[PDB]
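Asker: Data file structure-v2.cif (mmCIF, C-alpha atoms and all ligand atoms) is appended below.
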```cif
data_start
#
loop_
_atom_site.label_atom_id
_atom_site.label_comp_id
_atom_site.auth_asym_id
_atom_site.auth_seq_id
_atom_site.Cartn_x
_atom_site.Cartn_y
_atom_site.Cartn_z
CA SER A 198 73.69 -15.17 -107.54
CA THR A 199 70.11 -16.07 -106.55
CA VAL A 200 70.51 -19.89 -107.02
CA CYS A 201 74.08 -20.09 -105.55
CA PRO A 202 73.80 -21.99 -102.24
CA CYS A 203 76.72 -20.09 -100.62
CA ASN A 204 78.63 -16.74 -100.92
CA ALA A 205 80.60 -18.07 -104.03
CA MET A 206 78.39 -15.97 -106.29
CA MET A 207 77.08 -12.92 -104.51
CA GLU A 208 75.72 -9.44 -105.19
CA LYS A 209 78.22 -6.65 -104.62
CA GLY A 210 75.44 -4.92 -102.60
CA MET A 211 75.74 -7.62 -99.93
CA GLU A 212 79.57 -7.32 -99.64
CA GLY A 213 80.51 -5.74 -96.29
CA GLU A 214 76.90 -4.72 -95.61
CA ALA A 215 74.88 -7.72 -94.34
CA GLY A 216 76.95 -8.69 -91.28
CA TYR A 217 78.08 -6.87 -88.15
CA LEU A 218 81.72 -7.93 -88.56
CA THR A 219 81.82 -7.98 -92.41
CA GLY A 220 82.72 -4.25 -92.57
CA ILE A 221 86.19 -5.03 -91.12
CA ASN A 222 88.74 -4.56 -93.96
CA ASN A 223 89.96 -7.83 -95.49
CA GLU A 224 93.47 -6.98 -94.25
CA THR A 225 92.25 -7.39 -90.58
CA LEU A 226 89.41 -9.86 -91.28
CA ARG A 227 91.68 -12.38 -93.06
CA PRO A 228 93.98 -12.92 -90.02
CA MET A 229 90.82 -13.10 -87.84
CA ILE A 230 89.57 -16.05 -89.94
CA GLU A 231 93.01 -17.70 -89.77
CA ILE A 232 93.15 -17.22 -85.97
CA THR A 233 89.62 -18.65 -85.54
CA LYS A 234 90.40 -21.60 -87.84
CA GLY A 235 93.42 -22.56 -85.72
CA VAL A 236 91.72 -22.02 -82.35
CA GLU A 237 88.43 -23.85 -83.29
CA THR A 238 87.46 -26.74 -80.98
CA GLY A 239 84.53 -27.83 -83.18
CA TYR A 240 82.24 -26.60 -85.97
CA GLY A 241 79.16 -26.63 -83.74
CA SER A 242 80.73 -24.21 -81.24
CA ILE A 243 81.57 -21.47 -83.78
CA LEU A 244 78.34 -22.27 -85.75
CA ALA A 245 76.39 -21.27 -82.58
CA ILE A 246 78.38 -17.98 -82.42
CA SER A 247 77.56 -17.42 -86.12
CA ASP A 248 73.88 -18.24 -85.52
CA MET A 249 73.61 -15.66 -82.72
CA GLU A 250 75.19 -13.06 -85.02
CA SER A 251 72.91 -14.15 -87.90
CA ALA A 252 69.90 -13.67 -85.57
CA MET A 253 71.15 -10.18 -84.65
CA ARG A 254 71.14 -9.14 -88.32
CA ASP A 255 67.31 -9.03 -88.08
CA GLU A 256 67.75 -5.68 -86.26
CA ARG A 257 69.49 -4.05 -89.30
CA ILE A 258 68.37 -5.84 -92.54
CA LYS A 259 64.75 -5.37 -93.52
CA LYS A 260 63.27 -7.86 -96.02
CA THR A 261 60.12 -6.56 -97.83
CA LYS A 262 57.97 -8.14 -100.58
CA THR A 263 57.45 -5.94 -103.65
CA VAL A 264 56.29 -6.19 -107.30
CA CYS A 265 58.81 -5.02 -109.92
CA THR A 266 58.28 -1.42 -111.06
CA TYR A 267 59.60 -2.13 -114.59
CA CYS A 268 57.78 -4.42 -117.13
CA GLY A 269 54.53 -6.39 -117.34
CA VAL A 270 56.03 -9.82 -116.48
CA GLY A 271 55.05 -8.95 -112.90
CA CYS A 272 58.02 -10.32 -111.03
CA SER A 273 57.62 -10.17 -107.28
CA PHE A 274 60.60 -10.51 -104.89
CA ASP A 275 61.95 -9.38 -101.47
CA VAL A 276 64.10 -6.24 -101.19
CA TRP A 277 66.86 -6.55 -98.57
CA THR A 278 67.59 -3.08 -97.17
CA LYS A 279 69.94 -1.89 -94.43
CA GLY A 280 68.60 1.58 -93.78
CA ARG A 281 68.20 3.13 -97.21
CA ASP A 282 70.76 0.88 -98.93
CA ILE A 283 69.42 -1.91 -101.09
CA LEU A 284 71.63 -4.91 -100.28
CA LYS A 285 70.04 -7.43 -102.70
CA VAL A 286 66.78 -8.21 -104.44
CA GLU A 287 66.05 -11.72 -103.09
CA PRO A 288 63.65 -13.68 -105.31
CA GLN A 289 61.33 -16.25 -103.70
CA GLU A 290 60.05 -19.58 -105.15
CA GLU A 291 56.50 -18.61 -104.07
CA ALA A 292 56.58 -15.60 -106.48
CA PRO A 293 53.60 -16.46 -108.67
CA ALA A 294 54.72 -14.98 -112.00
CA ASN A 295 58.51 -15.41 -111.82
CA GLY A 296 59.59 -17.87 -109.11
CA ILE A 297 63.34 -17.29 -108.53
CA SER A 298 63.68 -15.55 -111.98
CA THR A 299 64.60 -11.87 -112.51
CA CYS A 300 66.19 -9.65 -115.19
CA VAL A 301 68.88 -6.91 -114.74
CA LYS A 302 66.19 -4.26 -114.18
CA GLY A 303 64.30 -5.93 -111.33
CA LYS A 304 67.34 -7.66 -109.83
CA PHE A 305 69.78 -4.74 -109.99
CA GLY A 306 68.15 -1.63 -111.51
CA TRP A 307 66.85 -0.01 -108.31
CA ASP A 308 69.47 2.75 -107.93
CA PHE A 309 66.99 5.46 -109.01
CA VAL A 310 65.07 5.23 -105.70
CA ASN A 311 68.09 6.72 -103.87
CA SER A 312 69.20 9.01 -106.78
CA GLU A 313 70.40 12.44 -105.68
CA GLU A 314 68.12 13.76 -108.49
CA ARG A 315 64.95 12.48 -106.67
CA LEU A 316 62.40 15.27 -106.25
CA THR A 317 61.81 15.87 -102.53
CA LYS A 318 59.92 19.21 -102.66
CA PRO A 319 57.08 20.59 -104.79
CA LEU A 320 58.21 23.02 -107.50
CA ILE A 321 56.20 26.06 -108.56
CA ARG A 322 57.40 27.88 -111.71
CA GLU A 323 58.65 31.42 -110.96
CA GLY A 324 59.45 32.89 -114.38
CA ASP A 325 62.59 31.36 -115.95
CA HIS A 326 63.14 28.91 -113.04
CA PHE A 327 61.37 26.57 -110.59
CA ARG A 328 60.81 27.71 -107.04
CA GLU A 329 60.88 25.11 -104.24
CA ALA A 330 57.55 25.69 -102.44
CA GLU A 331 55.55 24.19 -99.53
CA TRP A 332 53.06 21.38 -100.25
CA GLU A 333 50.17 23.61 -99.10
CA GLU A 334 50.92 26.37 -101.65
CA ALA A 335 51.38 23.85 -104.48
CA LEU A 336 48.08 22.11 -103.64
CA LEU A 337 46.29 25.46 -103.11
CA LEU A 338 47.54 26.71 -106.51
CA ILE A 339 46.42 23.49 -108.25
CA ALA A 340 42.97 23.82 -106.60
CA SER A 341 42.71 27.55 -107.50
CA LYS A 342 43.76 27.09 -111.16
CA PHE A 343 41.79 23.87 -111.73
CA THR A 344 38.61 25.55 -110.35
CA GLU A 345 39.35 28.68 -112.48
CA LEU A 346 39.52 26.74 -115.80
CA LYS A 347 36.57 24.52 -114.79
CA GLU A 348 34.36 27.60 -114.18
CA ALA A 349 35.48 29.72 -117.15
CA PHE A 350 36.10 27.02 -119.80
CA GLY A 351 34.27 23.95 -118.47
CA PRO A 352 35.27 20.63 -116.92
CA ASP A 353 36.26 19.20 -120.33
CA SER A 354 39.09 21.79 -120.59
CA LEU A 355 41.16 19.67 -118.11
CA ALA A 356 42.83 16.35 -119.08
CA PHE A 357 44.33 13.77 -116.70
CA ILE A 358 47.07 11.20 -117.37
CA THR A 359 47.47 8.11 -115.18
CA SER A 360 50.80 6.31 -114.89
CA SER A 361 51.13 2.60 -115.63
CA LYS A 362 54.22 2.77 -113.31
CA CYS A 363 51.85 3.68 -110.38
CA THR A 364 49.40 1.30 -108.53
CA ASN A 365 45.75 0.22 -109.32
CA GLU A 366 44.45 2.46 -106.51
CA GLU A 367 46.38 5.46 -107.91
CA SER A 368 44.83 4.86 -111.37
CA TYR A 369 41.38 4.63 -109.68
CA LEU A 370 41.89 7.91 -107.78
CA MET A 371 43.09 9.80 -110.90
CA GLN A 372 39.92 8.85 -112.78
CA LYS A 373 37.75 9.54 -109.67
CA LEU A 374 39.37 13.04 -109.61
CA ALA A 375 38.71 13.55 -113.35
CA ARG A 376 35.10 12.25 -113.40
CA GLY A 377 33.81 12.66 -109.85
CA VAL A 378 35.64 15.87 -108.88
CA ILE A 379 36.42 17.88 -112.05
CA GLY A 380 33.51 16.39 -114.03
CA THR A 381 35.33 15.35 -117.22
CA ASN A 382 35.98 12.04 -118.98
CA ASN A 383 39.45 13.20 -120.24
CA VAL A 384 41.44 10.35 -118.61
CA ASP A 385 44.02 8.04 -120.14
CA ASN A 386 47.29 6.16 -119.67
CA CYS A 387 50.33 5.02 -121.80
CA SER A 388 48.27 1.98 -122.90
CA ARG A 389 47.12 4.49 -125.65
CA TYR A 390 50.59 4.24 -127.28
CA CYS A 391 50.78 0.57 -126.37
CA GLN A 392 48.06 -2.17 -126.35
CA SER A 393 44.93 -0.12 -127.19
CA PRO A 394 44.95 -1.99 -130.58
CA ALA B 2 58.48 47.65 -33.08
CA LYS B 3 56.29 45.10 -31.02
CA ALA B 4 57.28 41.40 -30.69
CA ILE B 5 56.09 39.13 -33.55
CA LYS B 6 57.04 35.51 -34.48
CA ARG B 7 54.76 34.51 -37.43
CA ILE B 8 56.56 34.40 -40.79
CA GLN B 9 54.63 34.35 -44.11
CA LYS B 10 57.01 32.47 -46.45
CA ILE B 11 57.59 33.41 -50.10
CA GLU B 12 55.63 31.31 -52.62
CA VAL B 13 57.94 28.96 -54.51
CA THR B 14 55.52 27.56 -57.10
CA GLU B 15 55.78 24.00 -58.55
CA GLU B 16 56.92 25.43 -61.89
CA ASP B 17 59.44 27.77 -60.20
CA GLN B 18 61.03 24.87 -58.31
CA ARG B 19 61.07 22.77 -61.51
CA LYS B 20 63.07 25.51 -63.29
CA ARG B 21 65.49 25.78 -60.33
CA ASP B 22 66.09 22.01 -60.38
CA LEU B 23 66.51 21.87 -64.17
CA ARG B 24 68.86 24.88 -64.05
CA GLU B 25 70.92 23.04 -61.39
CA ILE B 26 71.26 20.07 -63.82
CA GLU B 27 72.10 22.50 -66.69
CA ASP B 28 74.89 24.06 -64.56
CA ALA B 29 76.33 20.61 -63.82
CA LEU B 30 76.40 19.81 -67.60
CA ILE B 31 78.06 23.25 -68.20
CA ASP B 32 80.70 22.44 -65.56
CA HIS B 33 81.36 19.00 -67.04
CA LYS B 34 81.09 20.30 -70.62
CA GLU B 35 84.48 18.92 -71.70
CA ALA B 36 83.77 15.50 -70.20
CA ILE B 37 80.36 15.35 -71.90
CA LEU B 38 81.83 16.50 -75.24
CA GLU B 39 84.52 13.81 -74.96
CA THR B 40 81.92 11.15 -74.07
CA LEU B 41 79.89 12.14 -77.15
CA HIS B 42 82.99 11.88 -79.40
CA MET B 43 83.80 8.46 -77.92
CA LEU B 44 80.17 7.37 -78.40
CA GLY B 45 80.21 8.58 -82.00
CA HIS B 46 83.26 6.36 -82.67
CA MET B 47 81.58 3.34 -81.06
CA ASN B 48 78.76 3.85 -83.62
CA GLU B 49 81.21 4.36 -86.60
CA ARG B 50 83.10 1.22 -85.48
CA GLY B 51 80.92 -1.96 -85.23
CA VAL B 52 80.24 -1.52 -81.47
CA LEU B 53 76.88 0.40 -80.89
CA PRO B 54 74.90 -1.24 -83.77
CA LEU B 55 76.21 -4.67 -82.59
CA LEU B 56 74.94 -3.97 -79.04
CA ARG B 57 71.62 -2.60 -80.41
CA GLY B 58 71.18 -5.88 -82.32
CA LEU B 59 72.36 -8.13 -79.46
CA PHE B 60 69.59 -6.73 -77.17
CA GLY B 61 67.10 -6.14 -80.00
CA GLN B 62 67.23 -9.81 -80.95
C1 LIG C 401 76.86 7.78 -68.21
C2 LIG C 401 76.76 9.30 -68.40
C3 LIG C 401 75.31 9.73 -68.23
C4 LIG C 401 75.16 11.24 -68.43
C5 LIG C 401 73.75 11.68 -68.02
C6 LIG C 401 73.50 13.02 -68.70
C7 LIG C 401 72.15 13.59 -68.27
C8 LIG C 401 71.77 14.70 -69.25
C9 LIG C 401 70.71 15.59 -68.61
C10 LIG C 401 70.19 16.58 -69.65
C11 LIG C 401 69.36 17.65 -68.94
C12 LIG C 401 68.75 18.62 -69.95
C13 LIG C 401 68.43 19.93 -69.24
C14 LIG C 401 67.03 20.46 -69.56
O1 LIG C 401 66.24 19.83 -70.31
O2 LIG C 401 66.66 21.55 -69.05
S1 LIG C 402 77.40 -18.38 -94.11
FE1 LIG C 402 79.15 -19.86 -93.76
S2 LIG C 402 78.64 -21.66 -95.06
FE2 LIG C 402 77.31 -19.91 -95.80
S3 LIG C 402 78.51 -18.95 -97.51
FE3 LIG C 402 79.06 -17.81 -95.61
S4 LIG C 402 80.95 -18.88 -94.82
FE4 LIG C 402 80.00 -20.29 -96.33
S1 LIG C 403 62.55 -8.40 -113.15
FE1 LIG C 403 62.69 -7.95 -115.37
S2 LIG C 403 61.17 -9.37 -116.34
FE2 LIG C 403 60.69 -9.30 -114.12
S3 LIG C 403 59.09 -7.62 -113.94
FE3 LIG C 403 61.11 -6.64 -113.56
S4 LIG C 403 61.74 -5.85 -115.61
FE4 LIG C 403 60.07 -7.36 -115.98
NA NA C 404 72.47 -17.10 -103.24
#
```
In structure tokens, how does this file's structure come out?
Answerer:
Amino acid sequence: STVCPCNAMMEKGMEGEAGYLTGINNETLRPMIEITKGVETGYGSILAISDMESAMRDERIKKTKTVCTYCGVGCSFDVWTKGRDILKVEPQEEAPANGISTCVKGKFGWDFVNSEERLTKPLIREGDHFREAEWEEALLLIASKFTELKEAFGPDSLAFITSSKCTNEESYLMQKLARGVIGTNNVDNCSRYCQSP
Amino acid sequence: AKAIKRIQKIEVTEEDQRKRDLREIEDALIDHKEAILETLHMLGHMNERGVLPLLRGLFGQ
């Protein structure tokens, strides 16, 4: 789908989404194409109409460079998004580690970002269930309990786990929280179960 | 009583007049409530259909 020079092989995410007139059901769009084909004076005339519409798409479709959240190959590519919908993951030749190459996970495995199961509010345990609570109360409780165990049991009674899914800066801040704020060296990431050897 | 001509007018403050003017516009919307409601429904369909996004993009780009 990436290397195909036309729409012959395309991502289902692009179908009916990229264009302004591509949402029109094929039942109505097919006669429109047949009408236009018959009417057509020249290719350059209707190519100009198509170019103006192509230019307009820049209002809707947002193309953003990202680095794959999955494995260590480090594939970078552009995400084409109309609102919150991912239309297609468009690889670029300039991508230093992968070029135009992708696997099913980086090319098509991004549904989780829009999953209805995505956590959108902090949860504070209230007995046998989780209570949806404001960010302030969740942060205030973490500060109150972390300070409580640090005073009564010491800074070394608090461990911190960094995610190798998260960024370099997020790893740096987790260890700066553990060492510079809490005062412990209890930091680690999934590399422990992985390439520590 | 004796003849007098001088009239001390009642103070219509800037904020008081602003409320009067806004309330006059509110009353006009209330009177044309059905027409506004119908315009909004029509506008909502222009957005559902290709129309409003197409115009937003035509002027945007
Ligand atoms: C082409 C139809 C244009 C309709 C113009 C509608 C103007 C709406 C005015 C809204 C006034 C709000 C009243 C207020 O804020 O107190
Ligand atoms: S943009 Fe035109 S030339 Fe390119 S795939 Fe679509 S119909 Fe074919
Ligand atoms: S696209 Fe596939 S190979 Fe490339 S980084 Fe993502 S998961 Fe790894
Ligand atoms: Na392609």
Asker: Out of A:232, A:356, A:339, A:258, which residue has the shortest atom-to-atom distance to chain B when counting only C-alpha atoms?
Answerer: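 Selected residue with least distance to chain B: A:258.
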Asker: Neighbouring residues of residue 286 (chain A) were defined as those with any atom within 10 Å, considering only C-alpha atoms; residues of the same chain fewer than 6 positions away were excluded. Please report them as a PDB file with C-alpha atoms, in the coordinates of the input.
Answerer:
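Output file result37.pdb is given in full below:
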```
ATOM      1  CA  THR A 199      70.110 -16.070-106.550  1.00  0.00           C
ATOM      2  CA  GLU A 208      75.720  -9.440-105.190  1.00  0.00           C
ATOM      3  CA  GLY A 210      75.440  -4.920-102.600  1.00  0.00           C
ATOM      4  CA  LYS A 260      63.270  -7.860 -96.020  1.00  0.00           C
ATOM      5  CA  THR A 261      60.120  -6.560 -97.830  1.00  0.00           C
ATOM      6  CA  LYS A 262      57.970  -8.140-100.580  1.00  0.00           C
ATOM      7  CA  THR A 263      57.450  -5.940-103.650  1.00  0.00           C
ATOM      8  CA  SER A 273      57.620 -10.170-107.280  1.00  0.00           C
ATOM      9  CA  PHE A 274      60.600 -10.510-104.890  1.00  0.00           C
ATOM     10  CA  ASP A 275      61.950  -9.380-101.470  1.00  0.00           C
ATOM     11  CA  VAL A 276      64.100  -6.240-101.190  1.00  0.00           C
ATOM     12  CA  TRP A 277      66.860  -6.550 -98.570  1.00  0.00           C
ATOM     13  CA  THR A 278      67.590  -3.080 -97.170  1.00  0.00           C
ATOM     14  CA  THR A 299      64.600 -11.870-112.510  1.00  0.00           C
ATOM     15  CA  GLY A 303      64.300  -5.930-111.330  1.00  0.00           C
ATOM     16  CA  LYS A 304      67.340  -7.660-109.830  1.00  0.00           C
ATOM     17  CA  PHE A 305      69.780  -4.740-109.990  1.00  0.00           C
ATOM     18  CA  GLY A 306      68.150  -1.630-111.510  1.00  0.00           C
ATOM     19  CA  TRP A 307      66.850  -0.010-108.310  1.00  0.00           C
TER      20      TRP A 307
END
```
Asker: Would you kindly report the residues of chain A within 9 Å of chain B, using all atoms listed in the file, as number ranges by chain?
Answerer: A: 217-218, 220-221, 249-250, 252-257
Asker: For each of A:214, A:248, A:231, A:385, take the minimum atom-to-atom distance to ligand LIG 402 (chain C), counting only C-alpha atoms and all ligand atoms, then give the residue where this is smallest.
Answerer: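 Selected residue with least distance to ligand LIG 402 (chain C): A:248.
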Asker: Identify, counting only C-alpha atoms and all ligand atoms, the protein, DNA and RNA residues located within 12 Å of ligand LIG 401 (chain C), and give them as a PyMOL selection string.
Answerer: chain B and resi 19-31+33-34+36-41+43-44
Asker: Could you write those residues out with C-alpha atoms, as a PDB file, in the coordinates of the input?
Answerer:
```
ATOM      1  CA  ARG B  19      61.070  22.770 -61.510  1.00  0.00           C
ATOM      2  CA  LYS B  20      63.070  25.510 -63.290  1.00  0.00           C
ATOM      3  CA  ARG B  21      65.490  25.780 -60.330  1.00  0.00           C
ATOM      4  CA  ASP B  22      66.090  22.010 -60.380  1.00  0.00           C
ATOM      5  CA  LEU B  23      66.510  21.870 -64.170  1.00  0.00           C
ATOM      6  CA  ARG B  24      68.860  24.880 -64.050  1.00  0.00           C
ATOM      7  CA  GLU B  25      70.920  23.040 -61.390  1.00  0.00           C
ATOM      8  CA  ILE B  26      71.260  20.070 -63.820  1.00  0.00           C
ATOM      9  CA  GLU B  27      72.100  22.500 -66.690  1.00  0.00           C
ATOM     10  CA  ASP B  28      74.890  24.060 -64.560  1.00  0.00           C
ATOM     11  CA  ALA B  29      76.330  20.610 -63.820  1.00  0.00           C
ATOM     12  CA  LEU B  30      76.400  19.810 -67.600  1.00  0.00           C
ATOM     13  CA  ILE B  31      78.060  23.250 -68.200  1.00  0.00           C
ATOM     14  CA  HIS B  33      81.360  19.000 -67.040  1.00  0.00           C
ATOM     15  CA  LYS B  34      81.090  20.300 -70.620  1.00  0.00           C
ATOM     16  CA  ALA B  36      83.770  15.500 -70.200  1.00  0.00           C
ATOM     17  CA  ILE B  37      80.360  15.350 -71.900  1.00  0.00           C
ATOM     18  CA  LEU B  38      81.830  16.500 -75.240  1.00  0.00           C
ATOM     19  CA  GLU B  39      84.520  13.810 -74.960  1.00  0.00           C
ATOM     20  CA  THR B  40      81.920  11.150 -74.070  1.00  0.00           C
ATOM     21  CA  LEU B  41      79.890  12.140 -77.150  1.00  0.00           C
ATOM     22  CA  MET B  43      83.800   8.460 -77.920  1.00  0.00           C
ATOM     23  CA  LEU B  44      80.170   7.370 -78.400  1.00  0.00           C
TER      24      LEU B  44
END
```
Asker: Using Å and a single decimal, report how far CA of residue 368 (chain A) sits from CA of residue 387 (chain A).
Answerer: 11.8 Å
Asker: Suppose you want the space between CA of residue 294 (chain A) and CA of residue 311 (chain A); what is it in Å?
Answerer: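 Separation of CA of residue 294 (chain A) and CA of residue 311 (chain A): 26.8 Å.
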Asker: Select from chain A every residue with an atom at most 12 Å from any atom of ligand LIG 402 (chain C), then for each give the shortest pair of atoms and their distance in Å to one decimal, using all atoms listed in the file, rows by chain and rising number, as a Markdown table.
Answerer:
```
| residue | atom | partner | partner_atom | distance |
| --- | --- | --- | --- | --- |
| A:198 | CA | C:LIG402 | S3 | 11.8 |
| A:201 | CA | C:LIG402 | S3 | 9.3 |
| A:202 | CA | C:LIG402 | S3 | 7.3 |
| A:203 | CA | C:LIG402 | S3 | 3.8 |
| A:204 | CA | C:LIG402 | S3 | 4.1 |
| A:205 | CA | C:LIG402 | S3 | 6.9 |
| A:206 | CA | C:LIG402 | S3 | 9.3 |
| A:207 | CA | C:LIG402 | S3 | 9.3 |
| A:211 | CA | C:LIG402 | FE3 | 11.6 |
| A:212 | CA | C:LIG402 | FE3 | 11.2 |
| A:215 | CA | C:LIG402 | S1 | 11.0 |
| A:216 | CA | C:LIG402 | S1 | 10.1 |
| A:219 | CA | C:LIG402 | FE3 | 10.7 |
| A:230 | CA | C:LIG402 | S4 | 10.3 |
| A:240 | CA | C:LIG402 | FE1 | 10.8 |
| A:243 | CA | C:LIG402 | FE1 | 10.4 |
| A:244 | CA | C:LIG402 | FE1 | 8.4 |
| A:245 | CA | C:LIG402 | FE1 | 11.6 |
| A:246 | CA | C:LIG402 | FE1 | 11.5 |
| A:247 | CA | C:LIG402 | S1 | 8.0 |
| A:248 | CA | C:LIG402 | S1 | 9.3 |
| A:250 | CA | C:LIG402 | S1 | 10.8 |
| A:251 | CA | C:LIG402 | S1 | 8.8 |
```
Asker: For ligand LIG 403 (chain C), return the neighbouring residues as a list in words (distance at most 8 Å; all atoms listed in the file).
Answerer: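 For ligand LIG 403 (chain C), the residues inside 8 Å are residues 264, 265, 266, 267, 268, 269, 270, 271, 272, 273, 295, 298, 299, 300, 301, 302, 303 and 304 of chain A.
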Asker: Could you please take those selected residues and save C-alpha atoms as an mmCIF file, keeping the file's coordinate frame?
Answerer:
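Below is the file again22.cif, written as the result:
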```cif
data_model
loop_
_atom_site.group_PDB
_atom_site.id
_atom_site.type_symbol
_atom_site.label_atom_id
_atom_site.label_comp_id
_atom_site.auth_asym_id
_atom_site.auth_seq_id
_atom_site.Cartn_x
_atom_site.Cartn_y
_atom_site.Cartn_z
ATOM 1 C CA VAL A 264 56.290 -6.190 -107.300
ATOM 2 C CA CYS A 265 58.810 -5.020 -109.920
ATOM 3 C CA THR A 266 58.280 -1.420 -111.060
ATOM 4 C CA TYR A 267 59.600 -2.130 -114.590
ATOM 5 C CA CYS A 268 57.780 -4.420 -117.130
ATOM 6 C CA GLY A 269 54.530 -6.390 -117.340
ATOM 7 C CA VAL A 270 56.030 -9.820 -116.480
ATOM 8 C CA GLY A 271 55.050 -8.950 -112.900
ATOM 9 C CA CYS A 272 58.020 -10.320 -111.030
ATOM 10 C CA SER A 273 57.620 -10.170 -107.280
ATOM 11 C CA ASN A 295 58.510 -15.410 -111.820
ATOM 12 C CA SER A 298 63.680 -15.550 -111.980
ATOM 13 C CA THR A 299 64.600 -11.870 -112.510
ATOM 14 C CA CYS A 300 66.190 -9.650 -115.190
ATOM 15 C CA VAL A 301 68.880 -6.910 -114.740
ATOM 16 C CA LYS A 302 66.190 -4.260 -114.180
ATOM 17 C CA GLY A 303 64.300 -5.930 -111.330
ATOM 18 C CA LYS A 304 67.340 -7.660 -109.830
#
```
Asker: Take CA of residue 386 (chain A) and CA of residue 359 (chain A) and report the distance between them in Å, one decimal.
Answerer: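 If I compute the distance from CA of residue 386 (chain A) to CA of residue 359 (chain A), I get 4.9 Å.
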Asker: Taking 3 positions as the minimum chain separation for residues in the same chain, which residues sit within 12 Å of residue 376 (chain A) when counting all atoms listed in the file? Answer as an mmCIF file with C-alpha atoms, in the coordinates of the input.
Answerer:
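Below is the file that was written, result-v2.cif:
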```
data_model
loop_
_atom_site.group_PDB
_atom_site.id
_atom_site.type_symbol
_atom_site.label_atom_id
_atom_site.label_comp_id
_atom_site.auth_asym_id
_atom_site.auth_seq_id
_atom_site.Cartn_x
_atom_site.Cartn_y
_atom_site.Cartn_z
ATOM 1 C CA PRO A 352 35.270 20.630 -116.920
ATOM 2 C CA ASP A 353 36.260 19.200 -120.330
ATOM 3 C CA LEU A 355 41.160 19.670 -118.110
ATOM 4 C CA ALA A 356 42.830 16.350 -119.080
ATOM 5 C CA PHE A 357 44.330 13.770 -116.700
ATOM 6 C CA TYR A 369 41.380 4.630 -109.680
ATOM 7 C CA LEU A 370 41.890 7.910 -107.780
ATOM 8 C CA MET A 371 43.090 9.800 -110.900
ATOM 9 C CA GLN A 372 39.920 8.850 -112.780
ATOM 10 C CA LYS A 373 37.750 9.540 -109.670
ATOM 11 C CA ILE A 379 36.420 17.880 -112.050
ATOM 12 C CA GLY A 380 33.510 16.390 -114.030
ATOM 13 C CA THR A 381 35.330 15.350 -117.220
ATOM 14 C CA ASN A 382 35.980 12.040 -118.980
ATOM 15 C CA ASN A 383 39.450 13.200 -120.240
ATOM 16 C CA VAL A 384 41.440 10.350 -118.610
ATOM 17 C CA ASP A 385 44.020 8.040 -120.140
#
```
Asker: Between A:351, A:235, A:288, A:293, which residue has the minimum interatomic distance to ligand NA 404 (chain C), considering only C-alpha atoms and all ligand atoms?
Answerer: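 For ligand NA 404 (chain C), the nearest of the candidates is A:288.
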Asker: Kindly indicate which residue among A:335, A:226, A:297, A:358 lies nearest to ligand NA 404 (chain C), using all atoms listed in the file for the distances.
Answerer: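 The closest residue to ligand NA 404 (chain C) is A:297.
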Asker: Have a look at A:200, A:239, A:375, A:315 and name the one nearest to ligand NA 404 (chain C); count all atoms listed in the file.
Answerer: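 Of A:200, A:239, A:375, A:315, the one nearest ligand NA 404 (chain C), counting all atoms listed in the file, is A:200.
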Asker: From the options A:283, A:389, A:347, A:334, which residue's atoms come nearest to residue 360 (chain A), counting only C-alpha atoms?
Answerer: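 Going through A:283, A:389, A:347, A:334 one by one, the smallest distance to residue 360 (chain A) is for A:389.
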